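# Fold and contact review
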Amino acid sequence: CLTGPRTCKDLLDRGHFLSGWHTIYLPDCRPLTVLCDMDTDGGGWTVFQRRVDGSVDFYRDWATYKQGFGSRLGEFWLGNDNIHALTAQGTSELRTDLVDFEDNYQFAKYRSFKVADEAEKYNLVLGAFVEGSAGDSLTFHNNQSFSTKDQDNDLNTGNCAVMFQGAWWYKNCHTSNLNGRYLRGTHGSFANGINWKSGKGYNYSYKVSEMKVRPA
Amino acid sequence: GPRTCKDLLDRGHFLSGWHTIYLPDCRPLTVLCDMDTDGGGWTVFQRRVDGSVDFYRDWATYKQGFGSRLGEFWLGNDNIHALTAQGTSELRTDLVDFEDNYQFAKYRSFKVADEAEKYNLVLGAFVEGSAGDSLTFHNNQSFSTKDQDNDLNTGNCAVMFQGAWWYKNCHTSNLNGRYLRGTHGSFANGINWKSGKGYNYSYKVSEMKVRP
Amino acid sequence: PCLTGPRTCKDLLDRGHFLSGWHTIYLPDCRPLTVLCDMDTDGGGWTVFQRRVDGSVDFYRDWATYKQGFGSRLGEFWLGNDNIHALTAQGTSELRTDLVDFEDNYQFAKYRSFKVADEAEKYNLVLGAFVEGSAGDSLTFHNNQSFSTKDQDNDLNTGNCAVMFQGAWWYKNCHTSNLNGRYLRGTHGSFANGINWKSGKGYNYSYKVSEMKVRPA
Ligand SMILES: *[C@@H]1O[C@H](CO[C@@H]2O[C@@H](C)[C@@H](O)[C@@H](O)[C@@H]2O)[C@@H](O[C@@H]2O[C@H](CO)[C@@H](O[C@@H]3O[C@H](CO[C@H]4O[C@H](CO)[C@@H](O)[C@H](O)[C@@H]4O)[C@@H](O)[C@H](O)[C@@H]3O)[C@H](O)[C@H]2NC(C)=O)[C@H](O)[C@H]1NC(C)=O
Ligand SMILES: CC(=O)N[C@H]1[C@@H](O)[C@H](O)[C@@H](CO)O[C@@H]1O
Ligand SMILES: CC(=O)N[C@H]1[C@@H](O)[C@H](O)[C@@H](CO)O[C@@H]1O
Ligand SMILES: [Ca+2]
Ligand SMILES: [Ca+2]
Ligand SMILES: [Ca+2]
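Cut-offs used in this document
- Residues numbered from 1 in each chain as written, not as in the entry; some residues may be left out.
- Chains lettered and ligands numbered in written order.
- Heavy atoms only, no water.
- Residues with missing side-chain atoms left out of burial classes, pairs and counts.
- UniProt positions renumbered as here; feature names shortened; annotations may be inferred.
- Helix = DSSP H or I, 4+ residues; strand = E, 2+ residues; numbered from the N terminus.
- Contact = heavy atoms within 4.5 Å.
- Domains from an automatic or database assignment.
- Buried area = accessible area lost by both parts, 1.4 Å probe.
- Salt bridge = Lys/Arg side-chain N within 4 Å of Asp/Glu carboxyl O.
- Polar contact = N/O pair within 3.5 Å; in protein donor to acceptor, adjacent residues only side chain to side chain.
- Donors = N, O, S within 2.8 Å, 3.2 Å for Na, K, Ca; no water.
- Near = heavy atom within 4 Å.
- Nonpolar A, V, L, I, M, F, W, Y, C, P; charged D, E, K, R; others polar.
- Disulfide = S-S within 2.5 Å.
- Buried < 20%, exposed > 50% of the residue type's maximum accessible area, 1.4 Å probe, protein only.
- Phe/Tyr/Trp six-rings, centres within 6.5 Å; stacked < 30°, edge-to-face > 60°.
- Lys NZ or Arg CZ within 6 Å of the ring centre and 35° of its normal.

## As for the UniProt feature "binding site: a carbohydrate" in chain C
Residues and elements named next belong to chain C. Here, the residues flagged by UniProt with the feature "binding site: a carbohydrate" are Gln145 and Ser146. Locating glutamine 145 in the fold gives a position in the loop between strand 10 (130–132) and helix 4 (161–164). Looking at the secondary structure, you find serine 146 in the loop between strand 10 and helix 4. When near neighbours in sequence (up to four residues on either side) are disregarded, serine 146 contacts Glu121, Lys122, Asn124, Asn154, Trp169, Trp170 and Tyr171.

Shown next, in the form of structure tokens:
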């Protein structure tokens, strides 16, 4: 409803100062309950990805990544249809917040972030890297289909989602793997964790990870 | 508008959480929906997770419900009846020990009568379960709180085992017992499932949930 | 809609919401606000305006932030001083403090009345009789005190209490309680800069859980 809230940004302007699950209205005016981060970097971010404790299985198939999964009480992926619905007219920016197991925070911010629809297999349109202490380990994945174990759309003679137990805009294969296994800090296994290459490397799996959008 | 966690899943709520539904009498009830386990679409009426909430409670409290949407809770006997009376609901219990071993038992049908009949347990055959069958034993028995004794033992099961349950003479499951945190010396007064981890082990997590 | 609907967590309990959680109530001015209702503790029906539970949220914050509120419905939060005032402006609500240590010991402390003035009077605290509580009175001490943050010193100490004790509070000179202090996780060497309650576990112990909540008497 034109005079209803359509982003976490709106809700903030309208005086909801507490982070939490609010329902918003998408461009097409269908209602959708989302998590609003009202605290970080000015606040007003819609969170589409959350990892926090390893409670939820993220090594999932296409249908599952399509529709979303997890729990409002915990970890979740908002779902690719929704993430597209939310970024349709790409004027909204991306923030990535990582917290390690000693509670050290790092992050990264992009100017624009858009995922295409299923027809173009949730393609990643990412505008410029603006800054962040995590370094830029997403640009590398610009202009690439999203792949999962049962649907391969990567640039690797093998199946990247299996080789790195995740779901992602995989090329050959990745520099970031935020949907990887919740490995809890330093791990021997190679690059199959919640990893950000310019952050804590290919052998460290963050304690917390959030991916979130706001109109620019 | 929706009448079960099952409906909500059908209409495309894929994320577990607290949604409001509509009882067949029509009072709306905000319930926890487990959209993940075993196909999803389960309404959770009991959750233990961390020992934050006191479960050694009286009749009025078990009647109306207690605890926190943020944590542990009992949905309340009136609601559990409202919720399982009309049409047939299937039970299912998920159990997690402190060494993270997942377990369950699952029943064809599960119904609790109203207060007049003491929220009596009406249970169907065991479908399957790695936790074994530690509930059929309690079928056709009244509910008992500490302050109310409907148990078929001349002592007071509820107080001997500090919980609440359709206690008989007395129990082979005690999912509303004390949050004892794994192995305990004390006898059968924990979150215990006899064919599961035994009378001397209190699970880390416990959930009781229903689906059409 | 402002009239038909609920105005306190007490009403909601009366209306048959038996489960603790976030419900919307209507301020005396008709503005909707989403509050946390503790339907379980001490008869139930309490509106929670402060919660600490895991150390996930930064509480060492400025005036504007304490004014408007901050944190997460999923976790820790301060409801905001304007709201806490809005809620107690009619002067007839009981205060309850629920604390839990890292041994799972539960202590509480209760007061007959609790009111914070508006911003003009710097959220001045008006507190009534200590009714009882296993945690001891560590609040009466802070009667009649303005609320202070790091960037706005309104205390009775030639120095800055919020800085020294890394929190925010009705600091006097400075405190016997510091429930908005740093989440230090049990025993700490540093002096009185934790989630501390002096008559409770002392100046060198930071509780695992803390909640401050109100209910119409
Ligand atoms: C709350 O505390 C105040 C003082 O604290 C200030 O105000 C509060 C609300 C906050 O803003 C704080 O930050 C401030 O620091 C107490 O006020 C005092 O009360 C006592 C009585 O209990 C008064 O004592 C009287 O003194 C009078 C003397 O003449 C004049 O003195 C000064 C000038 O020197 C003048 O400001 C004052 O108003 C008098 O005109 C006299 O009437 C009589 O003999 C009596 O002894 C004292 O004056 C008050 N102080 C101030 C700063 O005005 C409140 O009592 C307390 N409230 C409660 C309920 O406890
Ligand atoms: C873990 C996962 O994502 N797999 C699914 C579901 O999508 C599959 O269809 C099913 C196999 O028929 O397993 C599960 O039920
Ligand atoms: C809560 C609040 O308003 N304070 C902020 C910011 O303004 C501060 O500079 C910082 C202190 O280094 O804490 C925070 O980052
Ligand atoms: Ca391939
Ligand atoms: Ca008896
Ligand atoms: Ca000062």
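Read on for the rest.
## Description of the domain arrangement of chain A
All names here are of chain A. Looking at chain A, the domain boundaries give domain 1 (1–134 + 208–216) and domain 2 (135–207). Between the C-alpha centres of domain 1 and domain 2 there is a distance of 19 Å. Each partner contributes residues to the interface: domain 1 has 39 residues there, and domain 2 has 40 residues. Each partner contributes to the roughly 3300 Å² buried at the junction of domain 1 and domain 2, and carbon and sulfur atoms together form 59% of this total. For the pair domain 1 and domain 2, the number of links is 1 salt bridge. Where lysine 207 meets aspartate 103, a salt bridge forms, and the shortest distance between an N and an O atom there is 2.6 Å. Our count for the domain 1 to domain 2 interface comes out at 26 residue pairs in polar contact.

## Points about the coordination of the calcium ion (ligand 6)
Taken together, C:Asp153 (OD), C:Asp153 (OD), C:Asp155 (OD), C:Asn157 (O) and C:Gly159 (O) make up the full set of protein donors to the calcium ion (ligand 6), lying 2.6 to 2.8 Å away. All donors of the calcium ion (ligand 6) come from a single chain, and their spacing in sequence reads D-x1-D-x1-N-x1-G.

## Overview of the side chain of B:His171
Residue and element names in this part refer to chain B. Its location among the elements puts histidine 171 in the loop between helix 4 (157–160) and strand 11 (182–183). Among the polar contacts listed, one links the side chain of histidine 171 to the backbone oxygen of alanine 188, at a separation of 3.3 Å. Those residues within four positions of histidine 171 in sequence are excluded, and the remaining contacts are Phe137, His138, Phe161, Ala188, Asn192 and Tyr199.

## Things to note about the site of ligand 3
Residue and element names in this part refer to chain C. In the region of ligand 3, the neighbouring residues are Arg61, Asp62, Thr65 and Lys150. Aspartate 62 is positioned such that a nitrogen or oxygen atom in its side chain is 2.9 Å from an oxygen atom of ligand 3. Contacts to ligand 3 include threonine 65, whose side-chain N or O atom sits 3.3 Å from an oxygen atom. For the shell around ligand 3, the per-class residue count stands at no nonpolar, 1 polar and 3 charged.

## What to know about unusual backbone geometry
Of note, the amide linkage connecting A:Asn172 to A:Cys173 takes the cis form, showing an omega dihedral of 0°. Along the polypeptide, A:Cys173 turns up in the loop between helix 4 (160–163) and strand 11 (185–186). Of note, the bond from B:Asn169 into B:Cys170 is cis; its omega dihedral lies within 30 degrees of zero at 0°. Inspection of the secondary structure assignment puts B:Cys170 in the loop between helix 4 and strand 11. The phi angle at B:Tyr119 is positive, at roughly 45°, despite the residue not being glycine.

## Points about the state of the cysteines
Residues and elements named next belong to chain A. Within this structure, the stated rule accounts for 7 disulfides over all chains. Each sulfur in the disulfide pair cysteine 160 and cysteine 173 lies 2.0 Å from the other. Classification of the bridge connecting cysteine 160 and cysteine 173 rests on its S-S torsion, roughly -90°, and on that basis the disulfide is left-handed. A residue pair is termed long-range when its members are at least 10 positions apart, and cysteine 160 in helix 4 and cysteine 173 in the loop between helix 4 and strand 11 qualify at 13 residues. With a relative accessible area of 0%, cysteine 160 lands in the buried category.

## Side note on the pattern of salt bridges
As enumerated under the stated definition, the model contains 41 salt bridges over all chains in all. Linking A:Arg60 and B:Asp36 is a salt bridge whose minimum nitrogen-to-oxygen distance equals 2.9 Å. Of the two residues, A:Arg60 is situated in the loop between strand 3 (45–51) and helix 2 (62–67) and B:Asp36 in the loop between strand 2 (28–34) and strand 3 (42–48); the pairing between them involves two chains. Here C:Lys213 and C:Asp38 are joined by a salt bridge, their closest N and O atoms 2.7 Å apart. You can see C:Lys213 sitting in strand 13 (residues 209–216) and its partner C:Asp38 sitting in strand 2 (residues 32–38), a full 175 residues away along the chain. The burial state of C:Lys213 is the same as that of C:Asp38; both residues are buried. Salt bridges sharing partners connect three or more residues here, namely A:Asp37, A:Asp41, A:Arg50, A:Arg95, A:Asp97, A:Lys109, A:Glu210 and A:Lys212.

## Observations regarding the coordination of the calcium ion (ligand 4)
Residue and element names in this part refer to chain A. Donor atoms from the polypeptide that coordinate the calcium ion (ligand 4) comprise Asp152 (OD), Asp154 (OD), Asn156 (O) and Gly158 (O), at 2.4 to 2.9 Å from the metal. Spacing between the donor residues of the calcium ion (ligand 4) along their common chain follows D-x1-D-x1-N-x1-G. A relative accessible area of 13% means that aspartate 154 is categorised as buried.

## Points about the packing of aromatic side chains
Applying the stated rule across the entire model yields 55 aromatic pairs over all chains. Here the aromatic rings of A:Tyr65 and A:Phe69 are separated by 4.8 Å at their centres, their planes lie at 75°, and the arrangement is edge-to-face. Taken as a pair, A:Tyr65 and A:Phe69 share a single burial class, namely buried. An aromatic cluster is defined as three or more aromatic residues linked by ring pairs; in this entry it consists of A:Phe48, A:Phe58, A:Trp62, A:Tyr65, A:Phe69, A:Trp77, A:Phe113, A:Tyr122, A:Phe146, A:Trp168 and A:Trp169. Geometry around A:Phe107 places A:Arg95 over its ring, the cationic atom sitting 4.0 Å from the centre. Its end group placed over the ring of C:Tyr60, C:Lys150 keeps NZ or CZ at 4.8 Å from the ring centre.

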